[PDB]
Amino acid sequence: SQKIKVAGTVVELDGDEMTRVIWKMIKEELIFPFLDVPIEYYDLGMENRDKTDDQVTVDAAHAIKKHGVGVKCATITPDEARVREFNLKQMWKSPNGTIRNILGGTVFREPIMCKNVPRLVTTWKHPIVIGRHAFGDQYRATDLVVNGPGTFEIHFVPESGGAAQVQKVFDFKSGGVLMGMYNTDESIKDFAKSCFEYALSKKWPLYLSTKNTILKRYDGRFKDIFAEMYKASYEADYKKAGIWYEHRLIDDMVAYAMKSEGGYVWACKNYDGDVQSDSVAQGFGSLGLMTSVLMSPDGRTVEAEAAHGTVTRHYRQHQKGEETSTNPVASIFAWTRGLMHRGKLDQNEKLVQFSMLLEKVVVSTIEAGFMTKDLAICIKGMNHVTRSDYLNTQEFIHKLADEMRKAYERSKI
């Protein structure tokens, strides 16, 4: 089904469980009818990441860097329960963590605002953008079970060959756990750049959260890198733009974030950008109401995703042959932002107007009273929602399609 021709190639990464089911329908009804789109397909379904030894994940990452745009459905990350469940050869790493490792950059997350959906948090008047650092820390770590007594040490061995630098971290008297993790100056700096630059262009303030009182040298490095770069390259233009940058302790930032009105960029270390960008997304209404875009330092490569998970409890219900009502908006906006970036790379204005148009139609369709259960909950009580207040997953997508077909037909005479 072709209409708008797209020269560029979109690298699509398929995922798992309920999101995989919605992914198919989104392609089927919202994208392909309108777009003549070259798709380099990569199945990051869990079975296929097992079949290929996770190499499908690595190749997909590399294919995104080549073509410039990636669009990824939520995937399962496996632990022991999951290894059992699929008879996996191993506990494979988060495909997300692997993609992010290879690409680098920053994951910008923002709520998708629907005026008829009450925010959960009375104070939040404006959107918060989270710049989550995509590299290192707890997401590329080495952890270990300890089985008996013994001493946990770190050796740093320099390249020159000067002697080993060792630290006794802990004497274990019994079983326990240990782990090491890292970050790089180079990375933190790209993470500083893109955050400073995004807030400069939104004309908004920038907060950095760390726990540099505790991790004096580790988090300390982030604080100093951001402060050094601010003085050097952003203070003058920030002060001229009527905005400001400040380091705040993670403690104080979450309290501020909860009570403030929004209108600022909040830069988080990896883990905080993981946790808080869900607290935020649910605060604004639902996990399905959020964009998530991994951006290059150079602005040429974009991996757009849904930030939420595979919606396992909903899939278990879909698998019984029971009805589901799962919010597909975050999956759809993975596509639109990917296609928007695709069109920017190609000098293709038609593609950008389509991407924007699909975002308008989703938001407008929700705004006109047509919505999945989770948004109906935001409006009507937790226990005072009924079947007539919301559309199921299929209907919602169907309604969305009806509207998109109509809007597109009218759109560019």
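A residue's number is simply how far along the shown sequence it sits, counting from 1.
- Once the C-alpha B-factors are averaged per stretch, 285-293 and 156-164 rank with 156-164 first.
- For the two regions 26-34 and 41-49, the entry's Cα B-factors average higher over 26-34.
- Highest C-alpha temperature factor among 140, 247, 132, 240, as the PDB entry reports it: 240.
- Note on 385, 375, 60, 358: the highest value goes to 385, judged by CA B factor as recorded.
- Residue 18 sits in the lowest third of its chain by CA B factor, as recorded in the PDB entry.
- The deposited CA B-factor of residue 352 belongs to the highest third of values across its chain.
- Placement of the Cα temperature factor of residue 11 within the chain: lowest third of the modelled residues, per the deposited record.
- Looking at the C-alpha B-factors along this chain, the one for residue 207 belongs to the lowest third.
- Ranked within its chain, residue 363 lands in the highest third, by CA B factor from the PDB record.
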